[PDB]
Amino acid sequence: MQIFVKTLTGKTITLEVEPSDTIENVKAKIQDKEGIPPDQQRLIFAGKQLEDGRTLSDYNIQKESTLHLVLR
């Protein structure tokens, strides 16, 4: 449904997107909102680094989950 994405800074960012959305989607989709190159961007959820080939449904990122960004 909608899900949250916590910065490196501390600001927690809201995104409404579809489970079909590939991880590559979300790197660039996040970059459009307020972000820098997705190639630098790194996404973590439930202890796992999120591979930019897989998609949100593959990691079962449900409604109102929270993703965390770190940098490579």
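Throughout, we count residues from 1 along the sequence that is shown. Only the largest set of C-alpha atoms that superpose within 1.5 Å between the two forms is called the rigid core.
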Inset, instruction - State which stretch is farther from the displayed form on average in 5 other deposited structures of this protein, 7-15 or 51-59, counting RMS CA distance after fitting on the rigid core. - result: 7-15
Legend entry - Outlying stretch relative to shown form, 42-50 versus 28-36 in 5 other deposited structures of this protein, C-alpha RMS (core): 28-36
Legend entry - Entry-level comparison of average CA B-factors, 42-50 and 27-35, reporting the higher stretch: 27-35
Inset, instruction - Classify residue 56 as lowest, middle or highest third according to the C-alpha B-factor given in the PDB entry, relative to its own chain. - result: lowest
Inset, instruction - Within this chain's modelled residues, let me know which third the CA B factor of residue 2 belongs to: lowest, middle or highest. - result: middle
